[PDB]
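Below: the structure, in structure tokens.
Numbering (the authors' numbering), first residue to last: 39 to 148.
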């Protein structure tokens with residue numbers, strides 16, 4: 039997507055796939071996926087329970103990346119409905135919808 043604001047979307051598309059890979063690395067750190075309650079906290083604060091000797095990362099398990107464009111913070115949620123995780127960023131208008139740059143941009147795995 040090579041247009042103003044969509045150019046912010048195309049960056050985040052690589053960043054979200056980055057997070058999805060690191061969430062798989064938290065999957066390794068706690069030999070399991072986080073829960074949308076305990077594991078969300080365990081994505082922001084060290085996981086309570088038994089994590090393996092692995093360097094835990096906050097912010098939802100991210101790479102060496104800043105936050106998403108438009109000054110929005112990443113929304114990282116753990117398995118909601120059917121899917122092992124839910125992560126996304128809000129669109130340029132601060133809303134989760136379907137659009138180019140006004141869409142919620144994220145990815146997850148189910």
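Positions of the beta carbon are idealized from the N, C-alpha and C atoms, including for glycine.
Spatial neighbours of residue i in its chain, beta-carbon cut-off 7 Å, leaving aside the 5 residues before and after
{"i": "residue 49", "result": "107"}
{"i": "residue 65", "result": "71"}
Whole-angstrom distance between residue j and residue i, CA atom to CA atom
{"i": "residue 118", "j": "residue 54", "result": "17 Å"}
{"i": "residue 77", "j": "residue 71", "result": "7 Å"}
{"i": "residue 82", "j": "residue 135", "result": "25 Å"}
{"i": "residue 69", "j": "residue 110", "result": "30 Å"}
Member of the options whose CA lies at the smallest distance from the CA of residue i
{"i": "residue 95", "options": "148, 141, 109, 67", "result": "67"}
{"i": "residue 102", "options": "143, 57, 73, 82", "result": "57"}
{"i": "residue 99", "options": "88, 116, 87", "result": "116"}
{"i": "residue 59", "options": "123, 80, 73, 104", "result": "123"}
{"i": "residue 127", "options": "88, 104, 40", "result": "104"}
Nearest-angstrom Cβ-Cβ length linking residue i and residue j, presumed shorter than 8 Å
{"i": "residue 93", "j": "residue 125", "result": "Actually they are not in contact, since the Cβ atoms of residue 93 and residue 125 sit about 20 Å apart, beyond 8 Å."}
Where residue i sits in the DSSP three-state scheme
{"i": "residue 125", "result": "strand"}
{"i": "residue 81", "result": "helix"}
{"i": "residue 113", "result": "strand"}
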